Amino acid sequence: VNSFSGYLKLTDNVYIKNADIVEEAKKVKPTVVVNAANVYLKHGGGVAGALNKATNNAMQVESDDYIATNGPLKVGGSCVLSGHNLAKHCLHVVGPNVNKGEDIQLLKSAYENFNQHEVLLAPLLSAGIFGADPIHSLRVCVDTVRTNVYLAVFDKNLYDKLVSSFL
Ligand SMILES: O=C(N[C@@H]1c2cccc(O)c2C[C@@H]1C(=O)O)c1ccc2[nH]ccc2c1
């Protein structure tokens with residue numbers, strides 16, 4: 001038993017809710033919140049900009065130190081950093097950004113990072129400003145992630161479409 005409330009169950013291990021991932025994290029304080037990161041960990045907009053703003057820019061400060069030490073992530077890769085006031089940990093995961101021409105097949109590799117964590121609060125990778133089809137992102141998620149994932153979908157109209165079209 002865990003503290004996520006109001007989710008619709010899609011599969012054995014994937015759940016979904018129309019919610020603001022920032023507000024959900026602020027209320028649940030999950031062990032892991034996933035950020036929709038880029039390889040530079042520049043949290044300017046979309047989910048990343050919102051999560052970072054909610055940390056009062058502490059996420060960005062920590063991220064800049066991480067990059068200065070380690071260099072950029074790979075598309076499809078991830079790193080674990082602090083969750084600040086939102087979660088114990090933040091898993092920064094880089095899905096491919098279609099608006100940069102990145103190979104959509106890397107989306108499966110991106111979701112594989114979730115399997116290293118027993119339970120996660122997460123957005124749909126490569127959705128939103130990353131330019132992928134969210135219906136496809138959900139199919140890859142369901143077919144790749146084996147751990148328990150609670151997906152927060154900000155847009156109500158999109159949430160209803162994701163549910164109504166789910167096979
Ligand atoms: O950019 C976000 N979300 C994406 C989005 C936005 C508009 C239409 C979309 O289809 C999508 C897919 C993504 C998702 O829902 O994960 C997002 C998330 C939480 C937020 N809180 C405060 C600002 C804010 C923005």
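Rule-based calculations on the coordinates, nothing more; no lab input.
May I ask for the distance between the Cα centers of region 1-28 and region 110-167, given as a whole number of Å?
Their Cα centres are 12 Å away from one another.
Pop out the ³J(HN,Hα) list for region 139-145 in order, Karplus 6.51 cos²θ - 1.76 cosθ + 1.60 with θ = phi - 60°, rounded to Hz; leave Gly and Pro as x.
4, 4, 4, 4, 8, 10, 7
Find the relative contact order for region 1-106 and round it to a whole percent, using C-alpha pairs within less than 8 Å whose residues are 6+ positions apart.
28 percent
So what are region 110-167's ellipsoid semi-axes, whole angstrom, largest first, if each one is the square root of 5 times an eigenvalue of the alpha-carbon gyration tensor?
Taking √(5λ) for each eigenvalue gives 19, 12, 11 Å, largest first.
I'd like the Karplus ³J(HN,Hα) series for region 76-82: coefficients 6.51, -1.76, 1.60, θ = phi - 60°, whole numbers in Hz, and an x wherever there's a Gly or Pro.
Ordered by residue, 3J(HN,Hα) equals x, x, 7, 8, 9, 10, 5 Hz.
Give me the mean projected area, in nm² to one decimal, of the convex hull enclosing the Cα positions of region 1-92.
Projected area, direction-averaged: 6.3 nm².
Across 5 Å bins from 0, what is the distribution of all Cα-Cα pair distances for the chain, in whole percents?
2, 9, 20, 24, 23, 14, 6, 2, 0
I'd like the Karplus ³J(HN,Hα) series for region 50-66: coefficients 6.51, -1.76, 1.60, θ = phi - 60°, whole numbers in Hz, and an x wherever there's a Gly or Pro.
Per residue, the Karplus-derived 3J(HN,Hα) values read 5, 4, 5, 4, 5, 8, 6, 6, 5, 4, 5, 4, 4, 5, 4, 5, 4 Hz.
Grab region 8-165 and count how many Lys pairs have their alpha-carbon atoms under 20 Å apart, sequence gap of 8 or more, or different chains.
24
Could you state the per residue volume, in Å³, of the convex hull enclosing the Cα atoms of region 20-72?
Roughly 74 Å³ of hull volume per residue.
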